[PDB]
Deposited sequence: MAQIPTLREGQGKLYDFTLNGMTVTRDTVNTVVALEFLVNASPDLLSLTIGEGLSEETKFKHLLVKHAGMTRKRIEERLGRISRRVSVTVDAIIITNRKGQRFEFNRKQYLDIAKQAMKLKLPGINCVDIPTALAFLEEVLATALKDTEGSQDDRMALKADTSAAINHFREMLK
């Protein structure tokens, strides 16, 4: 077993206090609905089920700092509504998309623990979705050093190719 290394109510959203778990689910769903088709494709790729899209977006956002996810919450707070039973996302045209809170809080807990129900393996695609965020963040962190960026790409490329060969 493995899990996302980033592990209540200490966040605020539309005048109400919420958990980090709720914030992560809200921000992931809002991105799912309102990111441009191009940004969504670049972020998670194509051919995923809606629940798997959420899982991969969730673990990327669950790694954000408090500071950065509070900045996100502020930017999108007016687009979201957390009710007793639902998380409701409004798109740029005013259409509302309802997501069952229970259902997505359970999906989120699966994803944070990299669990696949009924399958004896870590959720490898979700773990790789998280590692993509690690890579993207480490790459920005080198952008004033061509050497450090090259070493990071070369070392990661070697590892990802070794992992390709294992499946070939």
Q.
Should a student be asked to find the unmodelled regions, what ranges of the deposited sequence would be the right answer here?
A. 8 to 13
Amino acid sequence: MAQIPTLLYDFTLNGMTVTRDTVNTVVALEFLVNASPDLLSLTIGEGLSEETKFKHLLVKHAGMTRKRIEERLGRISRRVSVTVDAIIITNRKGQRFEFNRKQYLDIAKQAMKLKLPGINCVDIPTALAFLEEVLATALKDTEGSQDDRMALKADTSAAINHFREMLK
From here on, numbers count along this sequence of modelled residues.
Q) Looking only at CA atoms, which has the higher mean B factor in the entry: 125 to 133 or 98 to 106? A) 98 to 106
Q: Would you tell me which stretch averages the higher CA B-factor in the PDB entry, 140 to 148 or 17 to 25?
A: 140 to 148
Q) Taking the entry's C-alpha B-factors for this chain, is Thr156 in the lowest, middle or highest third? A) lowest
Q. By the record's CA B-factor, is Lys60 among the lowest, middle or highest third of residues in the chain?
A. lowest
Q.
Ranking every modelled residue in this chain by its Cα temperature factor as given in the entry, which third contains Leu39?
A. highest
Q. How does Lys115 rank on Cα B-factor within its chain, lowest, middle or highest third?
A. highest
Q. Among the modelled residues of its chain, does the C-alpha B-factor of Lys53 lie in the lowest, middle or highest third?
A. lowest
